[PDB]
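Q: First portion of the complex, with coordinates as positioned in the assembly:
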Amino acid sequence: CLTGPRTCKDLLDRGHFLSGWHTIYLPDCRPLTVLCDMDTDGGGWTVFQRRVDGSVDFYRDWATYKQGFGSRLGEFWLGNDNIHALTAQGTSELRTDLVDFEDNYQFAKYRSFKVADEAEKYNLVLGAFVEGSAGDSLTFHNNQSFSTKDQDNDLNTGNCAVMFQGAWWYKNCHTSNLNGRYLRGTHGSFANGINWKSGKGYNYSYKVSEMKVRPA
C-alpha cells in the first residue's frame, strides 16, 4: 500500500500502457479495482462512469449509486463512496469524454473535481472549466447535493431524478444528465437522455459517455 499504486496515473508511470481494470490503494489503504484510461489526453485517468451501449439500467436508488453498479465488461458507475475516496484529498482534474452516433468526439475538462461524503450528500465541488469542445455544462451544478429518485435533494418542488430519469447533482433542473436514459441519438423527449446541453443539447443522447479523474 504505502509503496503501491494509489492512482491510475501511478500505474502509467510504472509502465502499464494498456487501458483496463487495475487494483489501486485508496488513501485509507482499501484496495479497489478501477478502470484506467491510459490513452486519452496523456493517459492515466481513473474512469468512474462509462456508458457505451445501454445494457445497464442507470435509473437506480441512493444505496445503489452509493455502492456502485454495472459491469467491468461494459457500463458502470464506480460508486459514490469510491468517488469520494478517490477525490477527497482535493486535487484531481475531471475530464468528460462524449461520442455521438457518427463517432464525433467532444470533451470537457475541469481544473478540479471532488464529491463530498455521504453525510454531505456527495456534494459536487467543481473547479474552473479549462477547455473542451463539448462546452461547460457542469459548472451550473456546482455546490449541489447528489439526488436519486428515492433521495430528492434538488431545488425543484417535484423530483428531478424522476422527471429526467437519472441521478445527478440536480438543481432546477439540469444542463447535464449523463446518468440519464440511453435513448440513442436524437430523441423528441425533453432532456431525459444522456445529454450535455452545450454539446449536442437536450434532445440528443450520446453513444458513449465517460467521466474520469487524474491527479492535478
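A: Noted; the coordinates are in hand. Numbering: from 1, shown residues only, chains lettered A, B, ... in the order given.

Q: Could I get the contacting residues of the closest residue to residue A:20 other than its chain neighbours?
A: Sequence neighbours aside, residue A:36 is the residue nearest to residue A:20 in space, at 6.5 Å (criterion: CB to CB, 6 or more residues apart in numbering). (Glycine included, C-beta is placed from N, CA and C.) Taking CB atoms under 8 Å, 6 or more residues apart in numbering as the criterion, residue A:36 is in contact with A:8, A:11, A:12, A:16, A:19, A:20, A:21, A:22, A:44, A:45, A:46, A:47.

Q: What subset of these is buried?
A: Buried subset of the contacts of residue A:36 (neighbour count, 16 or more other CB atoms under 10 Å): A:8, A:11, A:12, A:16, A:19, A:22, A:44, A:45, A:46, A:47.

Q: Need the max-distance pair from those residues.
A: Across the buried ones among the contacts of residue A:36, the longest distance by CB to CB is 14.4 Å; it joins A:16 and A:47.

Q: and the closest residue to residue A:71 other than its chain neighbours, what is it in contact with?
A: Excluding its sequence neighbours, the residue lying closest to residue A:71 (CB to CB, 6+ apart) is residue A:56, at 6.8 Å. For residue A:56, the contact set (CB under 8 Å, 6+ apart) comprises A:69, A:70, A:71, A:74, A:75, A:76.

Q: hmm, which of those are the buried ones?
A: Using 16+ other CB under 10 Å, the buried ones in those are A:69, A:70, A:75, A:76.

Q: These: which two are farthest apart?
A: Longest distance between any two of the buried ones among the contacts of residue A:56 is 9.2 Å, between A:69 and A:75; criterion CB to CB.

Q: In terms of helices and strands, where is the residue nearest the centre of chain A?
A: In chain A, the residue lying closest to the centroid (CA atoms, centre = their mean) is residue A:211, at 3.8 Å. Using DSSP states H and E, residue A:211 maps to strand A:208-215.

Q: quick one, domains of chain A?
A: Using curated CATH domains, the domain parsing of chain A gives A:1-134+A:208-216, A:135-207.

Q: Chain B should join the structure above:
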Amino acid sequence: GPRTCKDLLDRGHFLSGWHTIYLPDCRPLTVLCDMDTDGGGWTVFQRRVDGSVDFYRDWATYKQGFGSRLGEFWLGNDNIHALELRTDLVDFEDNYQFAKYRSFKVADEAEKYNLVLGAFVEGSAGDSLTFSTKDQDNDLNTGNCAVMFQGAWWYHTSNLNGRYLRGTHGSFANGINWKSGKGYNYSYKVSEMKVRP
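A: With chain B added, the chains above now look like this:
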C-alpha cells in the same frame, strides 16, 4: 477466502466481472460474478454474446471448460459439479427475458454429469428446461442429438450451447434456442446460465 460470488458481494464487490473464489477443496478458480441481476451474487457458468467461441466441442473440452473471459465460455463440467439456477436471455432488439429454477446440480463424470434440476419458479422467457457431446452418445430420444443439433446439452426444448446463428434462422432447432422464448428458429444474442446459494 470467498467461496461463491454471493460471498464476494457480501464483502463489498459491487461490479460484475471476473473474481477468484475457492472451491470446496481449496482450489482457486476465477469465475464471472453477476452482481447486478436479481439481487446479484450469481456465478455464471455459461455465456453466449457474440459467436466468437466454438461450442461444438468434445467430451474432454466440456469436462475442463473452454472459451474466454472476454466473452463466451463454458466453465467446465468438473467445475460446475464442484460448485438455485437462473437463465437470462436477450434478443437482437435488446428485449430481455429470463427463467428461474429452485434447485440445480450436476453429478460427477462417473455419473456422466447427470442433470439434477428442480422446480420452475417463474420467468418471462418461460419454461424450456424441465450430458451429451458429439463424441459421447447419451441422448434421450434414441440415435444422436449433439451432432444433429450441433451443440452439447442434456439431450430437447432448449439448446443454449447451440450455434450462434444470430436471430431468425431457417435451419431447425440448431441455434441458441429456447422453445418457450423465441422458438426453434430464433437464436438469442445473449445467453447466460448462473447459480447462487
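
Q: ok chain B is in now, so what about the nearest residue to residue A:71?
A: Among residues not flanking residue A:71 along the chain, residue B:16 sits closest, at 3.8 Å (CB to CB, 6 or more residues apart in numbering or on different chains).

Q: give me every residue that touches that neighbour.
A: A:70, A:71, A:72, A:73, B:32, B:33, B:34, B:35, B:36, B:40 (CB atoms under 8 Å, 6 or more residues apart in numbering or on different chains).

Q: hmm, back to that, just give the strands next to the strand holding residue A:211 in its sheet, each with its orientation.
A: strand A:45-51 (antiparallel), strand A:92-99 (antiparallel) (DSSP bridges).

Q: chain center to stretch A:20-35, what's the gap?
A: Counting by CA atoms, centre = their mean, to the nearest Å, stretch A:20-35 is centred 17 Å from the centre of its parent chain.

Q: can you give me the end-to-end distance of it?
A: Terminal residues of stretch A:20-35 lie 5 Å apart, using CA to CA, to the nearest Å.

Q: Check which element follows the helix or strand where residue A:70 lies along the chain.
A: Using DSSP H and E, residue A:70 maps to strand A:69-70. As assigned by DSSP H and E, the chain's next helix or strand after strand A:69-70 is strand A:76-77.

Q: And that following strand, how far out from the chain middle?
A: Centre-to-centre, strand A:76-77 and its host chain are 8 Å apart (CA atoms, centre = their mean).

Q: ok, now stretch A:21-36?
A: How far stretch A:21-36 lies from its chain's middle: 17 Å, per CA atoms, centre = their mean.

Q: What residue in chain A comes nearest to chain B?
A: residue A:72 (3.3 Å; CB to the nearest CB).

Q: got the phi/psi numbers for residue A:185?
A: Backbone torsions for residue A:185, taken as degrees, to the nearest 10, come to phi 90, psi -140.

Q: hang on, I meant residue A:67
A: Torsion angles at residue A:67 (phi, psi; degrees, to the nearest 10) stand at phi -90, psi -30.

Q: same deal with residue A:35?
A: phi -90, psi 120.

Q: What residues are bridge-paired with it?
A: For residue A:35, the beta-bridge partners under DSSP bridges are residue A:21, residue A:47.

Q: could you also fit chain C onto it:
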Amino acid sequence: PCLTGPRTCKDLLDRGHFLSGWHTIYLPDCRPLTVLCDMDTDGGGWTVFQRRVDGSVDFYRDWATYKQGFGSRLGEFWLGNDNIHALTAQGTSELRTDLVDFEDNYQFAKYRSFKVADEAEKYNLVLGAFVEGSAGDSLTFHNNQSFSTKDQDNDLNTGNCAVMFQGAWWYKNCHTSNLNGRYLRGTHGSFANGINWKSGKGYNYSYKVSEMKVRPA
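A: Below is chain C, added to the chains above:
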C-alpha cells in the same frame, strides 16, 4: 514471484488455466507483464500481441506509441514492440495469425518461428517457414524488414508506406499484409489501407477480427 511464476501462456495452460483471458507472466528478465492468453485455438497456450475486433482503437500511431504498446484489455491492442522483442528474443516461438471476416469465415496462417529484433535493429522481422494456413502466406514477403510507422520511415519505398496505407508494419515496397491498418469494416474502395491480408481476402477487404499470437515451439 518470478521463481515460481509462469513465463509463458503455455505454462499457464499446463497449470490448468483453461479459459482465454489476461494473466500475468514473467519475462526472461523477471519483469511481469499482463498478457492475453489464447487457451482455445489450436491447442491453446498462445500469447496474443495484436488484436483487432471492433475498430474502437486508433492504430495509426507513432514510433513511440508502437514501442511501448497501446489499446485496451477490454478489446483491441498492440502489446508493444519492446515487449514483443522481449517475448521472442530467446528460444523459438511459433507465430499464428487468426482472421475472421464479416461473414463469419475463419482463416489462419502459421509460421515455424518468429522473432522481432531490438529497437537498435528497428524491430527487424525474423520469420521462419510458412507451415500451413487457409489465409495463405502474406508475411514471408515481409521477412528481414525494419518496422516503420508514420513518423519513422524505414521502408523500401520512395514514399512513406505507413502514411499511404495508414498503418504500421514491416513495410517493404510496400505490403502484402497490413494488419495494423484502418478498421474499414469489410469491402473498401480505398486501396490496401485496411486490415488486409493479400492472399486471404485481398487489398480491398478489411477483416472483422485479427489476432497475432506466439507460443514456444
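
Q: Repeat for the contacts of residue A:56, accounting for chain C.
A: The contact partners of residue A:56, by CB under 8 Å, 6+ apart, come to A:69, A:70, A:71, A:74, A:75, A:76, B:36.

Q: anything in the strand holding residue A:70 near chain C?
A: No. Strand A:69-70 does not reach chain C (CB under 8 Å from any CB of the partner chain); its nearest approach is 13.5 Å.

Q: Can you tell me which residue of chain A sits closest to chain C?
A: For chain A, CB to the nearest CB, closest residue to chain C: residue A:20, 3.2 Å.

Q: Chain C contacts on chain A?
A: A:15, A:16, A:17, A:18, A:19, A:20, A:21, A:38, A:39, A:73.

Q: Let's see that with 7 Å instead.
A: A:17, A:18, A:19, A:20, A:39 (CB under 7 Å from any CB of the partner chain).
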